[PDB]
Each structure stands twice: as structure tokens, then as C-alpha cells.
Amino acid sequence: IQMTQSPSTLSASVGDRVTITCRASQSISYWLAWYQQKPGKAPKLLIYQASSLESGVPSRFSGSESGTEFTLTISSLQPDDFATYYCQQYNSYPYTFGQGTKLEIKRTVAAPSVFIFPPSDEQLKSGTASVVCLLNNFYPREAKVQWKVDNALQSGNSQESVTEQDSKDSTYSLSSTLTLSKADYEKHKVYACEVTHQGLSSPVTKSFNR
Amino acid sequence: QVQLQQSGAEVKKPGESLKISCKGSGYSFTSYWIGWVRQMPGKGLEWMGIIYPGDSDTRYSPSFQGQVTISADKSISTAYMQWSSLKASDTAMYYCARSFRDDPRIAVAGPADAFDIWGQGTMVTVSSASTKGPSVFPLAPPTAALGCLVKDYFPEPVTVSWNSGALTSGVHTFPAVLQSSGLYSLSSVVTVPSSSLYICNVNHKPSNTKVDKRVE
């Protein structure tokens, strides 16, 4: 049985009423559970049998069912509630989970501050070159970085990483690392990362010449 | 307190056997189902199978039948999951969890309900790599950014501090990424007044590596 959750992400504020939904691909009766999980921590049971509140869980959480559609409602969002939420059917084996809905803290748009870092000459003595692009303190999370090597779009040779929402200001930061052989690094001149973000009127480019 | 205590994190090579454990406390272990759930890095929850410790009745997801063995030792309230031949794709957090019951006192539990008690997870990392300390490279710079690239180490984690913990505002230490080499890499950055133009303190417990790199 496939469990589909919606939306995949939800931005909200303390005091908001929020609802997140879970649809089963076929009848699961009311054998539906909802779980909360915070980063690096084990899940916690919130709702079982579609609408029964787990002992000790605050009653601002409630579940409901309409056919194959299940809804988790938080009636007044509190700071502890920002987390990922999973549904799970246990009507029949194999038990299956929804793909998760992450509930994040809404704030105002903030454009990223972009920085580019060439490889260190220390690393170049090792045979590999790492070029790093930093997108600092931006919101919302969706951003895109494209690496440009002598105007040629790079693909398959970068990796990126994003922080969790900042505890103080609720922004994100992102780092993208372009990895090249030092041979390929030597053979080109211009290295640029191009950043697109809702907070930017047009894409921002940071570049350097080797 | 009702609890499940799982065994510590494991770093293994592919092909190796591994058995992890889940010990119950504060409740009748033989009266409740135990489930095992996998969470691959950055992904959701996946159910692997379940066991009733009172009689070792077991069920496996088709996706895990024949890759793992789930067992229990009721005499010491412990459930186990065992791999005969770990694969790289077995790198994940593994949870054990107890299924809810209204009244544990009835002898026949019926099917496994929602998971009301969860263990703290056991991280299993499977890789052909060997323990290796990081190379640390500087990320050279009103606001300036500077940082440290902490590259080619295994296994996770490294910890990074700035100016021995005195510099914490404006610091961002990113999650490690797994490189195609099989080694990890992360960066840590800080923004500072360009007028003040800094040492990053990198520790990698597995390799007993400590590096304090000036970023000039």
C-alpha cells in the first residue's frame, strides 16, 4: 500500500493552525499512525488508529479520516512542533510509511550573500582542486547554484550541503564544492558559481581567474 | 521508565556479519511486538520486519526477507537484527520500536499496532574505506567570509570549532558529504568584519587527529 503525504514541505508560524494530509492507495481502514521526528532523534508516536491521541502527547494534535484521506491537525503550532511528520499504515503487511512532511518556520525572504573560494595551493600540491561557493543566511530554502568553468556549465562534479534552519534567524546556508582534477583545473581560467534565489532580482555570479 | 536501549554505532566493511541489539526495560518484554525500521541517510522511514519475543514469531518485509535475520532472547529482554553479508547500501540508522497495546495482560496480542516506544537508533556504516584522518585546507577570504575545508576523512564525524570555542557567532559548519572516493568532506565557514583581517580546530576522534589551521 502506497502512502502519499502532502505537502512535502510546509512553512508556518507559532500559533498557526496547520493540517497535513496522508492518502492511502487503497483502504487501510483506520489503521493509520502519525509520527513526529526531529533531526537525529528517534520518531515519536502522536496519533494511532487514525484519531486516537497517544498518552502524553498534547491535545493540540488531532487526527481525522475521510475514506483513504487522513489528516493531522495541529490546532496552535508551538516552537516544539517544527519537525518532520510521517504517517504509517499498519492495516496489512508490509507496513508502509508516507514519505514525510517537513514543517519549517516561516520568515521573510532573505537573499543569500554569495562567496567563492579558489583551491588552496596546499591542496593543489595534492593533485585535486576544490572550488567552494558559499550561500549565506538566505530564505526560503530553494536556491540553485550552477558552476561555470570558462563559461561551460558543469555537471556531475559538484556536491552541496545545506544547514538546518538557523536557531536564531531561521535562515539557511548552503555550500557547493566543485571537484576537478588539478590537470583540468590548470587548463582553464574563469571559475564562477551562479546563484538563483527568490530574493535576487537576477542571478548573482561570483567568479575568479585562476 | 519504559525504554528500548539499542547497541552502539557500528562501522563495518562490506561482506562482514553484524548483529545489533535492542534491550527492553520497564515493561513485560514478552507481551509486545518489536519492529525494526531503517532510515537511510537523508531519507524516510522504512519498515523491515517484526518479532513477538514471547514466541519468536517473525515477519519480514519482502525487501528484507533473506537479507536479515530478526531474533529475540526473551530471558534477557533483547531483540536482535543480524546481517550475514553487509552491503554498502545497508548504511543507515536502524530503530527498534515497540508496538502499542491497550492491555498487555491478555496472552494473545493480535497484529502489531503503531509503534509507541522507540529505541534511540543504531547507526551502521558499511564501506570499503579504512579509518583516515582529514586534510584541512583554508578557505581564504564590510563582511568577509573565511573557513576550513575538511576533506577526505573516514568515518564520520569530525567536529569543528573556531578560535578554540571563543568564536561562535556567524559560524556555519555544514553536513558532511560522502565523496565518490568513499571518504567524507565538509566545510565550516564564519563571517567576520573585513576590518579584523582565525584558526579552525578540527578533531576526528576515530583517527585521533587534531589539526588547528590558521586561515590567513
Side-chain angles (χ1 to χ4, degrees), chain A residues 1 3-25 27-43 45-53 55-68 70-77 79-91 95-103 105-110 139-142 164-172, chain B residues 2 37 39 44-45 47 95 97-102 113-118 120:
Chain A
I1 298 149
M3 310 300 306
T4 305
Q5 289 181 237
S6 66
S8 51
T9 61
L10 172 48
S11 316
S13 313
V14 172
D16 278 7
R17 180 171 199 282
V18 300
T19 64
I20 62 171
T21 66
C22 178
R23 263 185 290 261
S25 56
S27 180
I28 57 166
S29 182
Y30 51 84
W31 308 109
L32 185 69
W34 290 96
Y35 304 92
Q36 194 193 58
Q37 193 185 21
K38 297 180 185 186
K41 303 311 181 103
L45 179 58
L46 298 166
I47 299 295
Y48 64 99
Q49 280 165 24
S51 60
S52 285
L53 181 65
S55 196
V57 178
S59 67
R60 61 174 185 270
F61 293 90
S62 73
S64 55
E65 178 188 2
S66 188
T68 56
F70 297 79
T71 295
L72 177 68
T73 302
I74 314 174
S75 64
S76 165
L77 200 70
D80 201 61
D81 303 326
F82 295 99
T84 298
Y85 293 79
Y86 297 96
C87 62
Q88 176 210 336
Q89 69 84 18
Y90 52 103
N91 173 87
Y95 294 175
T96 49
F97 290 89
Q99 81 288 349
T101 295
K102 185 173 173 200
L103 199 168
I105 301 158
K106 204 190 253 163
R107 56 162 289 189
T108 62
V109 167
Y139 183 93
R141 174 177 202 286
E142 308 89 47
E164 289 299 310
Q165 219 172 7
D166 186 87
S167 71
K168 316 278 190 293
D169 76 9
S170 311
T171 63
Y172 297 95
Chain B
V2 177
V37 167
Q39 183 161 41
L45 301 173
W47 178 83
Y95 294 102
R98 187 189 81 172
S99 287
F100 167 85
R101 318 196 37 202
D102 284 342
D113 202 286
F115 296 123
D116 68 347
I117 306 286
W118 292 67
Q120 86 278 10

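Because only heavy atoms are used, hydrogens play no part in the values below, and waters and symmetry mates are left out as well, while side chains stay in. Every chain is numbered from 1 and lettered A, B, ... according to where its sequence line falls, protein lines coming before strand lines.
The two atoms that bring A:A24 and A:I1 nearest to each other are CB-CG2, 4.3 Å, heavy atoms only. The nearest pair of heavy atoms linking A:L77 to A:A12 is CD2-CB, 3.7 Å. Of all non-hydrogen atoms in A:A33 and B:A114, the two that sit nearest each other are CB-CB, 3.6 Å. Across A:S51 and A:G63, no two heavy atoms sit closer than the pair CB-O, 3.3 Å.
No side-chain heavy atom of A:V18 sits less than 4.5 Å from a side-chain heavy atom of A:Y85. Residues B:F115 and B:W47 are in side-chain contact: their nearest non-hydrogen atoms beyond the backbone lie under 4.5 Å apart. In this structure, A:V14 and A:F82 have side chains that are in contact, with non-hydrogen atoms separated by less than 4.5 Å.
A:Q165 places a side-chain N or O within 3.5 Å of a backbone atom of A:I105 that can act as its donor or acceptor partner. In terms of modelled atom types and a separation under 3.5 Å, the side chain of A:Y95 and the main chain of B:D113 share no donor-acceptor contact. Formation of a donor-acceptor pair under 3.5 Å by the A:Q5 side chain with backbone atoms of A:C22 is not found in this model.
To the nearest 0.5 Å, atoms OH (A:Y90) and OH (A:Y30) are separated by 8.5 Å. Interatomic distance, A:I74 CD1 to A:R60 CZ, rounded to the nearest 0.5 Å: 7.5 Å. In this structure, OH in A:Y48 is found 3.5 Å from CZ in B:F100, a value given to the nearest 0.5 Å. To the nearest 0.5 angstrom, A:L53 atom CG is 9.0 Å from A:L45 atom CG. Between the OG atom of A:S52 and the CG atom of A:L32 there is a distance of 11.5 Å, given to the nearest 0.5 Å. Here the NZ atom belonging to A:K38 is positioned 13.0 Å from the CD atom belonging to A:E164, to the nearest 0.5 angstrom.
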query = Going through the checks in order, is the salt bridge (charged side-chain N to carboxylate O under 4.0 Å, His left out) test met by A:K106 and A:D16?
reply = CA-CA 11 Å; A:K106 204 190 253 163; A:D16 278 7; 5.4 Å; no
request  = Would you check, one step at a time, whether the test side chain to side chain contact (heavy atoms under 4.5 Å, CB included) holds for A:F70 with A:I47?
outcome  = CA-CA 11 Å; A:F70 297 79; A:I47 299 295; over 6 Å; no
request  = Would you check, one step at a time, whether the test side chain to side chain contact (heavy atoms under 4.5 Å, CB included) holds for A:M3 with A:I28?
outcome  = CA-CA 10 Å; A:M3 310 300 306; A:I28 57 166; 4.0 Å; yes
task = Show your reasoning for whether side chain to side chain contact (heavy atoms under 4.5 Å, CB included) applies to A:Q36 and A:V57.
result = CA-CA 11 Å; A:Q36 194 193 58; A:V57 178; over 6 Å; no
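There is no side-chain donor-acceptor pair under 3.5 Å between A:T84 and A:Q37. A donor atom on one side chain and an acceptor atom on the other are found under 3.5 Å apart for A:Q88 and A:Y35.
Ring-plane geometry between A:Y139 and A:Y172 is classed as parallel, the angle between the planes falling under 30 degrees on a 0 to 90 degree scale with a further cut at 60. Taking the six-membered ring where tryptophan is involved, the planes of B:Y95 and B:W118 are perpendicular, since the angle between them exceeds 60° and thus also 30°.
A:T73 meets the side-chain contact (heavy atoms from CB on, under 4.5 Å) test with A:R17, A:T19, A:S62, A:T71; sequence neighbours excluded.
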